[PDB]
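Protein sequence lines, in the order shown, are assigned to chains U and P.
Anchor point for the first sequence: position 186 equals 210 in the numbering used here, and the numbering is continuous, going up by one each time.
Anchor point for the second sequence: position 180 equals 202 in the numbering used here, and the numbering is continuous, going up by one each time.
Think of the CB as a built atom: it goes at the ideal place given N, C-alpha and C, for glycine as much as any other residue.
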Amino acid sequence: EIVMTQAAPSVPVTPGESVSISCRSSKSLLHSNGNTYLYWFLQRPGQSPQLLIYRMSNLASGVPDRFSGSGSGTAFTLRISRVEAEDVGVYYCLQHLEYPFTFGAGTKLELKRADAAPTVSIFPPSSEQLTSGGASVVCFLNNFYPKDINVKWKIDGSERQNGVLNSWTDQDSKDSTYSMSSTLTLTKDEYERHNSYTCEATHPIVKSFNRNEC
Amino acid sequence: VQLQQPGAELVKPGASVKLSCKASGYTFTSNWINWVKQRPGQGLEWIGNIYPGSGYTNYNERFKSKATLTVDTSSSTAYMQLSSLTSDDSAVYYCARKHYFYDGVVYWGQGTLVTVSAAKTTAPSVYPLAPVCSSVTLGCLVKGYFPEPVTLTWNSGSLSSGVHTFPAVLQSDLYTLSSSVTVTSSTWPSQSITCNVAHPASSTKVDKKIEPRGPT
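Following this line, the structure appears as C-alpha cells:
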C-alpha cells in the first residue's frame, strides 16, 4: 500500500496566527492527467471526519477561505490562516490514487491562550446512591489552562489515594481551556464513618463539606 | 440525515455481527459506499467499498474474510458483516459516500461502536448532584453501565454552553460517566434543570430533576 506519514503528533498555534500541517506519501500522488490525489480531513472529538481539501488544493464546500492546500508529488501542506478557537481537532491526510485508500496518523492542533486557574466544585453522594451500598464523591476542576493539573483528596484530614478515578475533556472549542472530573468512591459504610471530605487542586484551591451538615 | 447507522452493537467473542447503513434519497445504486474503522483514541483505517448497482467490491487485503460487504437495493441499505470477532475488532465503524455530482462533499454516518465481550448489557443508575447544603454548578453521575455509549443532555438540549460531559471510565467491567452544568445563580433553583440520559443498548431513557438538598 501507499504509506502516508504525518510526522508531527500535534502542533501549537496562537489564535489569530497561521499554522501549516504536513504530510508525505511513499509514492508520488501526481497522476498522468495532471491532478494530485491527496485529501485533508478534520475530525472533532465525538464527531465524524469532515472533508476540507480534495485533490491537493481544492477547497471543499462549506469550508472557510482560511483553509488552503499545496504540495509537490510526495510532500503536502495544509495551511490554516488566522486560526480560530473552533479549529481545534485532529487533521488527517488521505491518498485516493490507488486501492487500498490510506490515511496518515493524524496531527492534533493545540491552541495557546493565557493561564487560567480552575473553577472547582465538590459534590457529596446523592442520597439515592447511598441505598445501593456505594458512595461516590465528585469534584469538577473546570476551564483551566495549561492542561496539566493535580488533584488530592483528604478524608477527615488525611490524604486518600485509593478509590479515585479521573477523566479529562479535549480542548474547548470556544475558550481553548481544559476540564477534569475526579471521583472518589467508597462503600456507604465507610462514607458514614467519616465527616469531612476535601478536594484539593494544584495547578492550591480547596473545596470541602461535612457529611452531616444539612 | 444522509446515512443512518445504529449507535452500538454488543457481540460475543468468536461470533459475527452485521452492521447496517441506510441511505436517504434516490441515488443509492450510483455511488460507492465506503467503510472505515477507528479504534478508541486511534486513527482511521479504510476497510473497503461497494458499488450498489452492480455489487462490485474493493477490499483492503487486511480485511479479507474479516469483512464482507453487501447491499439491499430494495431498501437502499448497505451492510458490513464482521466475522470471528476478537477484542481487536472493538471499534467505531463508519460508512461514507461522495455526493452524486460534487466531489467536494462527503457524507458520513454517525458510526457504530462495536464492543466485543462476554459481558451482558447493564442499564445505568443515574444520580442527580445538587450543591453542598454569582453562579451555581450542578452535576449528574451515570453509573455502572455496559457497553458504551450513553447520550446525556441538560433540559433536553436547551442548556449547552456551560456544560462539560466527561469521557467514561471503565472499572470492574462497568462504565461510569459524569457531567457538570454551570449557570447564573438566579437560574436555579428558580427554574427547573433536568439531566436526560439515554442508553440505547439497554433501551432505556431516564430524566432526573436536580433538587436542592434537604435534611435527609
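Quiz prompt | Reference residue 69 of chain P; option with closest CA among U/137, U/125 and U/197 | solution = Here residue 69 of chain P is taken as the residue at index 47 of the second sequence, counted from 1. Looking at the Cα atoms, U/125 is the closest of the given residues.
Quiz item: Is it the case that the Cβ atoms of residue 119 of chain U and residue 53 of chain U are separated by a distance below 9 Å?
Solution: Along the first sequence, read from residue 1 onward, the residue named residue 119 of chain U stands at position 95. Along the first sequence, read from residue 1 onward, the residue named residue 53 of chain U stands at position 29. Result yes, Cβ atoms of residue 119 of chain U and residue 53 of chain U sit closer than 9 Å.
Quiz item: If you compare alpha carbons, which of U/97, U/193 and U/105 is closest to residue 90 of chain U?
Solution: Working through the first sequence from its first residue, we reach residue 90 of chain U at position 66. Of U/97, U/193 and U/105, the residue nearest in Cα terms is U/105.
Quiz prompt | Runs of beta strand (DSSP E) lying entirely within the segment 72-104 of chain P, each at least 3 residues, in chain order | solution = Those beta strand (DSSP E) runs which fall completely within the segment 72-104 of chain P and span 3+ residues are 78-81, 89-94 and 99-104.
Exercise. Using only alpha-carbon positions, find the residue among U/229, U/225, U/217 and U/223 that is nearest to residue 235 of chain U.
Key: The residue labelled residue 235 of chain U in the question sits at position 211 within the first sequence. Of all alpha-carbon atoms in U/229, U/225, U/217 and U/223, the one lying nearest the alpha-carbon of residue 235 of chain U is that of U/217.
Quiz item: At a CB-CB cut-off below 7 Å, which residues of chain P make contact with residue 91 of chain U?
Solution: Start at 1 with the first residue of the first sequence, and residue 91 of chain U comes out as number 67. Under a criterion of Cβ atoms nearer than 7 Å, no residue of chain P is adjacent to residue 91 of chain U; the nearest Cβ is some 12 Å distant.
Quiz prompt | Cβ of residue 195 of chain P within 9 Å of any chain U Cβ | solution = Walking along the second sequence from the start, residue 195 of chain P turns up at place 173. Cβ-Cβ to chain U under 9 Å: no for residue 195 of chain P.
Quiz prompt | For residue 61 of chain U, the nearest candidate out of U/35, U/127 and U/34 (CA to CA) | solution = As a first step, residue 61 of chain U must be located in the first sequence, where it is residue number 37. Closest by alpha carbon: U/127.
Self-check item: Under the three-state DSSP convention, the category residue 129 of chain P falls into
Solution: If you number the second sequence from 1, residue 129 of chain P lands on position 107. Here residue 129 of chain P sits in strand by DSSP.
Quiz prompt | Residue-level contact to chain P via CB, residue 183 of chain U, 9 Å cutoff | solution = Position 159 of the first sequence holds residue 183 of chain U. No, residue 183 of chain U does not count as interfacial toward chain P.
Quiz item: Going by Cα to Cα distance, which pick from U/159, U/114 and U/173 is closest to residue 139 of chain U?
Solution: By 1-based counting over the first sequence, the position of residue 139 of chain U is 115. Nearest of U/159, U/114 and U/173 to residue 139 of chain U, Cα basis: U/173.
Quiz item: Using 9 Å as the limit for Cβ to Cβ distance, is residue 68 of chain U near chain P?
Solution: For the purposes of this step, residue 68 of chain U is identified with residue 44 of the first sequence, where counting begins at 1. For residue 68 of chain U, the answer is no, since every Cβ of chain P falls outside 9 Å of its Cβ.
Quiz item: Looking at the C-beta of residue 116 of chain U, does it have a partner C-beta in chain P at a distance below 9 Å?
Solution: Your numbering for residue 116 of chain U matches position 92 in the first sequence. Residue 116 of chain U counts as touching chain P.
Quiz item: Along chain P, in chain order, which residues have C-beta atoms closer than 8 Å to that of residue 238 of chain U?
Solution: The sequence position of residue 238 of chain U within the first sequence is 214, counting from 1. Within 8 Å of the CB of residue 238 of chain U, the CB atoms of chain P belong to 155, 235, 236, 237 and 238, in sequence order along the chain.
Practice problem: Can you tell me which of P/78, P/37, P/36 and P/41 puts its alpha carbon nearest to the alpha carbon of residue 279 of chain P? | Solution: Absent from the model: residue 279 of chain P. The displayed extent of chain P is 23 to 238, so no value can be given.
Practice problem: Closer than 6 Å by C-beta to residue 163 of chain U: which residues in its own chain qualify, once you throw out the five before and the five after it? Chain order, please. | Solution: In the first sequence, counting from the first residue as 1, residue 163 of chain U sits at position 139. Correct list, in chain order: 146, 206 and 223.
Exercise. For the beta strand (DSSP E) containing residue 115 of chain U, list its first residue and its last residue.
Key: Locating residue 115 of chain U in the first sequence gives position 91, counting from the first residue. From DSSP, the beta strand (DSSP E) with residue 115 of chain U extends over 113-119.
Quiz item: What are the boundary residues of the alpha helix (DSSP H) that includes residue 151 of chain U?
Solution: Position 127 of the first sequence, counting from 1, holds the residue named residue 151 of chain U. From DSSP, the alpha helix (DSSP H) with residue 151 of chain U extends over 151-154.
Quiz item: Going along the chain, which residues of its own chain have a beta-carbon closer than 6 Å to the beta-carbon of residue 80 of chain P, five neighbours each way excluded?
Solution: Start at 1 with the first residue of the second sequence, and residue 80 of chain P comes out as number 58. Hits under 6 Å: 70 and 71.
Quiz item: Of all the alpha helix (DSSP H) runs that stay within the bounds of the segment 150-217 of chain U, which reach a length of 4 or more residues?
Solution: With a minimum length of 4 residues, the continuous alpha helix (DSSP H) runs that stay inside the segment 150-217 of chain U are 151-154 and 212-216.
Quiz item: To the nearest whole angstrom, what separates the beta carbons of residue 114 of chain P and residue 121 of chain P, a pair I think is in contact under 8 Å?
Solution: Here residue 114 of chain P is taken as the residue at index 92 of the second sequence, counted from 1. Here residue 121 of chain P is taken as the residue at index 99 of the second sequence, counted from 1. Between residue 121 of chain P and residue 114 of chain P the Cβ distance is about 23 Å, and since that is not below 8 Å, they are no contact.
Quiz item: Should residue 30 of chain U and residue 50 of chain U be called a contact, given that it needs their Cβ atoms to be closer than 9 Å?
Solution: Here residue 30 of chain U refers to the residue found at position 6 when the first sequence is read from its first residue. Here residue 50 of chain U refers to the residue found at position 26 when the first sequence is read from its first residue. Not closer than 9 Å, so no.
Quiz prompt | Nearest-angstrom Cβ-Cβ length linking residue 99 of chain U and residue 65 of chain P, presumed shorter than 8 Å | solution = Numbered from its first residue, the first sequence carries residue 99 of chain U at position 75. Numbered from its first residue, the second sequence carries residue 65 of chain P at position 43. Not confirmed; about 20 Å, so no contact.
Practice problem: Could you tell me which uninterrupted beta strand (DSSP E) segments, each at least 3 residues in length, are contained entirely in the segment 58-95 of chain U, listed from first to last along the chain? | Solution: DSSP runs (the beta strand (DSSP E)) wholly in the segment 58-95 of chain U: 62-67, 74-78 and 91-95.
Quiz item: Closest by CA to residue 60 of chain P, which one among P/117, P/23 and P/164?
Solution: Translated into positions along the second sequence, residue 60 of chain P becomes position 38. Among P/117, P/23 and P/164, the Cα nearest to that of residue 60 of chain P belongs to P/117.
Self-check item: Residues bridged to residue 218 of chain P (per DSSP)
Solution: Along the second sequence, one-based indexing puts residue 218 of chain P at 196. DSSP lists P/175 and P/229 as partners of residue 218 of chain P.
Quiz item: Exposed or buried, which one is residue 165 of chain P when buried takes at least 16 other CB atoms within 10 Å?
Solution: If you number the second sequence from 1, residue 165 of chain P lands on position 143. Taking all protein chains shown into account, residue 165 of chain P has 16 or more neighbouring C-beta atoms within 10 Å of its C-beta and is therefore buried.
Self-check item: The beta strand (DSSP E) enclosing residue 113 of chain P, as first and last residue numbers
Solution: In the second sequence, the residue the question calls residue 113 of chain P occupies position 91. Here the beta strand (DSSP E) through residue 113 of chain P covers 113-120.
Quiz item: If we call anything under 9 Å between Cβ atoms a contact, is residue 104 of chain P one with residue 192 of chain P?
Solution: Numbered from its first residue, the second sequence carries residue 104 of chain P at position 82. Numbered from its first residue, the second sequence carries residue 192 of chain P at position 170. In this structure, residue 192 of chain P does not lie closer than 9 Å to residue 104 of chain P by Cβ.
Quiz item: With DSSP run on the structure shown, which of helix, strand or coil describes residue 188 of chain P?
Solution: Here residue 188 of chain P refers to the residue found at position 166 when the second sequence is read from its first residue. In this structure, residue 188 of chain P counts as coil in the three-state DSSP scheme.
Quiz item: Going straight from the alpha carbon of residue 27 of chain P to that of residue 182 of chain P, what length do you get?
Solution: Locating residue 27 of chain P in the second sequence gives position 5, counting from the first residue. Locating residue 182 of chain P in the second sequence gives position 160, counting from the first residue. Rounded to the nearest angstrom, the two C-alpha atoms are 25 Å apart.
Quiz item: By DSSP, does residue 50 of chain P sit in helix, in strand, or in coil?
Solution: By 1-based counting over the second sequence, the position of residue 50 of chain P is 28. Reduced to three states, the DSSP call for residue 50 of chain P is helix.
Quiz item: Any C-beta of chain P sitting closer than 9 Å to the C-beta of residue 162 of chain U?
Solution: Position 138 of the first sequence, counting from 1, holds the residue named residue 162 of chain U. Yes - at least one Cβ of chain P is within 9 Å of the one on residue 162 of chain U.
Exercise. List the residues of chain U that residue 125 of chain P touches, going by C-beta distances under 9 Å, in chain order.
Key: On the second sequence, position 103 is the one that residue 125 of chain P refers to. Result: 78, 79, 82 and 84.
Exercise. Determine the direct distance from the alpha carbon of residue 177 of chain U to that of residue 2 of chain P, and round the result to whole angstroms.
Key: Chain P is shown only over 23 to 238; residue 2 of chain P falls outside these bounds and no answer can be derived.
Quiz item: For residue 222 of chain P, which residues in chain U fall below 8 Å Cβ to Cβ?
Solution: Here the question's residue 222 of chain P lines up with position 200 in the second sequence. Chain-order list of chain U residues neighbouring residue 222 of chain P: empty, with the shortest C-beta distance near 16 Å, by a criterion of under 8 Å.
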